[PDB]
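Trainee: Residue numbers (the working numbering), protein chains in the order written: chain A, 38 to 761; chain B, 38 to 761.
Think of the CB as a built atom: it goes at the ideal place given N, C-alpha and C, for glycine as much as any other residue.
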Ligand SMILES: OC[C@H]1O[C@@H](O[C@@H]2[C@@H](O)[C@@H](O)O[C@H](CO)[C@H]2O)[C@H](O)[C@@H](O)[C@@H]1O
Ligand SMILES: OC[C@H]1O[C@@H](O[C@@H]2[C@@H](O)[C@@H](O)O[C@H](CO)[C@H]2O)[C@H](O)[C@@H](O)[C@@H]1O
Ligand SMILES: [Mg+2]
Ligand SMILES: [Mg+2]
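1. Could you tell me the alpha carbon to alpha carbon distance between residue 744 of chain B and residue 697 of chain B, rounded to whole angstroms?
2. Measure the CB-CB distance between residue 758 of chain B and residue 657 of chain B and report whether it falls below 8 Å.
3. On the DSSP bridge list, what partners appear for residue 657 of chain A?
4. Could you confirm whether any beta carbon from chain B is found closer than 8 Å to the beta carbon of residue 620 of chain A?
5. In angstroms with no decimal places, state the Cα-to-Cα distance between residue 184 of chain A and residue 507 of chain A.
6. Is residue 696 of chain B near ligand 4 - that is, is its Cβ less than 7 Å away from at least one heavy atom of it?
7. Buried or exposed, going by whether 16 or more other CB atoms sit within 10 Å of the CB of residue 662 of chain A?
8. Is residue 222 of chain B buried or exposed, if buried means 16 or more other CB atoms sit within 10 Å of its CB?
9. I want to check one thing, is the minimum distance from the CB of residue 734 of chain A to the heavy atoms of ligand 5 below 7 Å?
10. Can you find a CB in chain A that lies within less than 8 Å of the CB of residue 174 of chain B?
11. Would you call the region 165-180 of chain B in contact with the region 222-239 of chain B, where contact means no fewer than 3 C-beta pairs closer than 8 Å?
12. Using the three-state DSSP reduction, which class does residue 415 of chain A fall into: helix, strand or coil?
13. So, are the CB atoms of residue 516 of chain B and residue 595 of chain B less than 8 Å apart?
14. Whole-angstrom Cβ separation of residue 433 of chain B and residue 499 of chain B, contact assumed at under 8 Å?
15. Does the beta carbon of residue 308 of chain A fall short of 7 Å from some heavy atom of ligand 1?
16. Can you give, in chain order, each stretch of the alpha helix (DSSP H) that sits fully within the region 529-615 of chain A and has at least 4 residues?
17. How should residue 505 of chain A be labelled, buried or exposed, when 16 other C-beta atoms within 10 angstroms of its C-beta is the threshold for buried?
18. Which two residues bound the contiguous alpha helix (DSSP H) that contains residue 468 of chain A?
19. Along the chain, where does the beta strand (DSSP E) that runs through residue 763 of chain B open and close?
20. State the Cα-Cα distance for the pair residue 153 of chain A and residue 205 of chain A, rounded to the nearest angstrom.
21. Going along chain B in order, which residues have a C-beta closer than 8 Å to the C-beta of residue 247 of chain A?
22. Would you say residue 263 of chain B and residue 202 of chain B are within 8 Å of each other, going by their C-beta atoms?
23. Counting Cβ pairs, one atom from each stretch, are 3 or more of them under 8 Å apart for the region 464-482 of chain B and the region 406-421 of chain B?
24. Given that residue 597 of chain A touches chain B, what residues does it touch there, using C-beta distances under 8 Å?
25. From this set, B/688, B/253, B/245 and B/551, which residue's C-alpha is nearest residue 251 of chain A's C-alpha?
26. So, residue 502 of chain B versus residue 436 of chain B, is the Cβ gap smaller than 8 Å?
27. Please confirm if residue 169 of chain B has its CB atom under 8 Å from at least one CB of chain A.
28. Using only the alpha-carbon positions, how far apart do residue 446 of chain A and residue 133 of chain B sit?
29. Sorry if obvious, but does the Cβ on residue 740 of chain A come closer than 7 Å to a heavy atom of ligand 3?
30. Looking only at C-alpha atoms, which of A/168, A/681 and A/590 sits nearest to residue 145 of chain A?
31. What residues of chain A sit near residue 603 of chain B, judged by a beta carbon separation below 9 Å?
32. Once DSSP output is grouped into helix, strand and coil, what is the label at residue 153 of chain B?
33. What is the residue span of the alpha helix (DSSP H) that residue 368 of chain B lies within?
34. Examine ligand 1 and report whether any of its heavy atoms sits within less than 7 Å of the Cβ of residue 336 of chain A.
35. Rounding to the nearest angstrom, what Cα-Cα distance links residue 682 of chain B and residue 643 of chain B in this structure?
36. Looking at the C-beta of residue 290 of chain A, does it have a partner C-beta in chain B at a distance below 8 Å?
Shown next as structure tokens:
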């Protein structure tokens, strides 16, 4: 409808109506739900909610199906005075019913189109079940694999994170200004604003602290890119940002998000984060929490009651302007209008059962493709892999048969539709002997049984991994290791004298040195989603050629953390030339380098890269154009990820030794050659100075072109002169 | 001499003379050195130093003896044009020849007077060997025991650090205005300005980052307190502060140190730190390094040649004002004048050989007392300790006979003067059987010898620890554990059936769970210094009663780091009454609490405390007066450390759950009772806000009185009303 009609609605609502429009509730707090109605009575009572509240609530969180939605919306519109339909929101993080790889695995793809397609398929299905908004992309930079929520990030690089964030937004939303017509796309909600990934000691919800400059330099750019690409909502973070919980942090959310980033959509709280500012010790009570969170421009309180119980008295007493409440309501109604909910509150479902669009074969194929793009081949000694279809396989370990391959933050997908490792292998390989073992134990009887199966077969597929419940939210591990039993199983299998491939499933970097040394090949599958066993079987047999690169550094040991490729030099760097001197930046007991670096991943193919003549000089404001010719010089078709890094040699702030500024994943048949070109704009050369100005300084930059952060040729470009 | 004549000298100096005044060199770069003379010509050549440079150099670093100093100063003064004597500086960190406990252990003393005495003795001896300045106190706050330099800090609390920092300055300097007269005291140099102990991942020289607010709130207060107490010099830090190496950080050194903190003494670079800004990437070359470091107010370049080769041209070209140089020179000359060098350049040594004053019996008794104050009794199950003097002792492990008990940063003390554990124990106990093992091995042959000795005796003194070389500078350990052979040894010894005391020697918190669980008692001796074997024997026999408390938390495991007592609450705190629940701040694999907390330590005595009646309300600006009555209710004389904490329940920044604001260590005879009183000024109630104002807000505080950060009674005071 026309904007005048939306503004009119605001004018006509009562104060009590405007307040309740700022509340989101679980579906079973509403009449007309068709699941968990036994939770409704006691929980309404604990939260002290009445019909006056629920019949005017702004939003529903986590509907269970199209029918839940339809029934809830229908009963709500019988009783709502002005006819304002509910907006339905959900967590569609890496797939709805067709589950794609976890975001961190999608980071390792380095493939923007894989990510867009995952987001498109997710929206297709999620809209078919009545959801209007997804709480994705998660854009928290991560340098600390202790934190369970690394699985939801695309990793340690702001540039990569930004680029894949934009891809996800584009895939979920399509053309943002036509969400009232394109009812198979949905609104995206960027989360968690801001810097939640920097949780101290990797502990869930724990203190975050960095300088404002570092916040701008590394922690904000990805949210920003997703905002500028049209993300409709933003969600606040749990953590403090320079001492103030992000939810009530006025500077953060008004000055930065709404001012600098020019965000003018719904700011929704993370779950309970409005009330939790009390726990943080920056509000005395719910009256202060409500006031501070509304001052900071939070429009929508997720499942707590500070707003509904306290805004009236605040406004009546004049501690809080009613204009701020009106601004919040207007953003909520604009969101609804942007989804076409005032013409069609059932968003395409009312006379159109779209069951047919859910978990199709086309969709499963895309997830399989996603899975094969995201896996990272870490070791392959002796060209053990690809295995031949007639190789006789002993498939052993906790991930041989486990149905737990869909990943954390799989709110809607079902393990029964998933393909386990065994089932995946038996479609491809004629001889497989299996010995399942438990995640945390290694018994004598297991060893006997493993030994018998290995004696029978020619190669071992050792499937190790985490349960998903060991990560995700509030799955923090102080020591980033598999259970010791799995390391002991890898040690045992090694003694059996047969070649070993380890297929590792997990949601975080782990200490894998012991696994690499106990096997001939090591394939990092992360959690691939619905098609996990086929992803695995196609990569092992070579029907697919691994092409993933690490988007997060794998530490030598827990105590190396944080370790990341874009690090400062320090005043006493170790060099190949001073190696072994005492008075340099090193550890006595491990290497400075991570076990595996950002951008690292093997292939069954071999590539050669050639960079065309770069200029020796560039003007300020001028783009650098990088042309690179890649050739597949092997007999095996495959894909390589070309990466370009920039370094600022001398600057008014100590700058990272490299930063990624471009990447493209290039597909090449055996003997095929391509030229790809990159533009590094002058923004790729700029950074935040100690005055928090985004600046370009004249001087020397090095440019690194290659296939990891370590495998690069280096070039020098001197920036100076005039500007543009 | 009169201030007018100090000025006169500056006018009288040539540009080349003023430049060289800002250079510090090792003793063997000067003519007249009585040691390492063979190094002179080559290093001179490598640094491109001439006679004109060395003959006008400002300062000597690390003189080897009184005769080095005398010889150097005597030759220097025969050729110096204007008669400006050299100032001699040294690393006297926890003792000169009489070595006291490492500073972290002195931290565990909670004893201001012990700290002042260490410093007074240190100056007594150092001045006797011709040193004018010590590079102490080190006041870097530490939360990361991976960093080897934690041994030099007094720990994780800024208040303790502030308080003991003041004590060391007083002990070294006495009355600062009379350093020209009191030739047995010396100048203190506060180090390292600033925030060096926050090195990322505990890696030496590594990136530091935190918000400016946190810099002010936690990282600056102890340097400030030492400066206000009259510290004569300050030394720069190796690390970046917010992206800019401290040594050239104008904001840090002019605005904060010289401006806010009103420091008007010599600012000396850490070793090479001027040249190292090039390595950091914030200067292109030694001309830029010199210019920026002089801009930042660094007066004295330690053993690099940026100033000496670059200032002239910088001043000639007009890129730098000669006034900044004149100011650096005046500060150097004023420090010499404060030390009396213009009347007596030999600072009391010339016709008075003070060999008599070094390593006296009186001094050794003070170092032993310091060791007994500083040790921390962590476990004592079932009154194993004190041992009766007729107890038959199996003394086993790497620290049984090791002479490595003086600690890191022992530049001048000699192991030959130290007392090892066996020698100590044999002065007190009649029967000791000794089996020495290696630091990093546990052989079958050791196990047989250990077993034979334990079967012979009644009790096991298991002496474990670190070589000092595994810490101190550039002694960074990714995993904070002893060698695994020592943990194995503690497991083996436990199986032998006999009570075990573990006496642990080290320079950092370690993972000690496995030691506590494998023994009956556990005594943390750190590195006590010269009298270590007697410190240990007296604590074990009960001739001295353990009284130290932990000044740094001992983590459950490496991956818990940083863990510290003054932590934020977060938005989802684990409570007693939600424990077990998933969605709270916790780890899946360890407790939140450190294995041992700040302020914790046992005693052979038992004490009772009761806090006199506190007010319910206080005005802003008003002090809180806290009266505590302590009774020793055992038959054993000893000391308790009374500790007072404050918490700010609600603030405009999320405030720590506790902060230490007072402490006093009370000596009590069996049955003795004493009353102590504390004043917490309105400043204890104040913090830095998000605009970086030092502020006091009305509201609730809790006051905790007790004998650890955990063993406390709690009281509430509501601050409001008007201001005093
Ligand atoms: O789910 C929406 C939003 O909130 C958080 O999930 C919450 C979790 O914090 C806790 O409240 O448990 C409830 C159980 O339903 C979850 O909904 C997530 O941190 C956030 O990412 C998510 O988008
Ligand atoms: O001792 C002077 C001063 O500088 C540093 O010590 C240096 C060390 O950095 C390295 O360069 O090696 C030389 C060996 O002589 C040391 O002097 C210390 O970090 C600092 O604390 C000390 O006060
Ligand atoms: Mg530059
Ligand atoms: Mg307060």
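Mentor: Reading off the structure:
1. 11 Å
2. For residue 758 of chain B and residue 657 of chain B, yes; Cβs fall inside 8 Å.
3. A/760
4. Residue 620 of chain A has a beta carbon lying within less than 8 Å of a beta carbon in chain B.
5. 10 Å
6. No - ligand 4 has no heavy atom lying nearer than 7 Å to the Cβ of residue 696 of chain B.
7. Result: exposed.
8. Residue 222 of chain B is buried by the Cβ-count criterion.
9. Among the ligands modelled here, namely ligand 1, ligand 2, ligand 3 and ligand 4, ligand 5 does not occur.
10. no
11. yes
12. If DSSP states are grouped into helix, strand and coil, residue 415 of chain A belongs with the strands.
13. yes
14. 6 Å
15. yes
16. 550-553 and 569-577
17. Residue 505 of chain A comes out buried.
18. First-last for residue 468 of chain A: undefined, no H or E at that position.
19. Residue 763 of chain B is absent from the model: chain B starts at 38 and stops at 761.
20. 5 Å
21. 246, 247 and 248
22. Taking 8 Å as the Cβ cut-off, residue 263 of chain B and residue 202 of chain B qualify as a contacting pair.
23. no
24. 238 and 515
25. B/245
26. yes
27. no
28. 60 Å
29. no
30. Comparing Cα-Cα distances from residue 145 of chain A to each of A/168, A/681 and A/590, the minimum goes to A/590.
31. Here the premise fails: no neighbours, minimum Cβ distance about 11 Å.
32. helix
33. Element bounds for residue 368 of chain B: 359-376.
34. no
35. Each residue's alpha carbon lies about 21 Å from the other.
36. no
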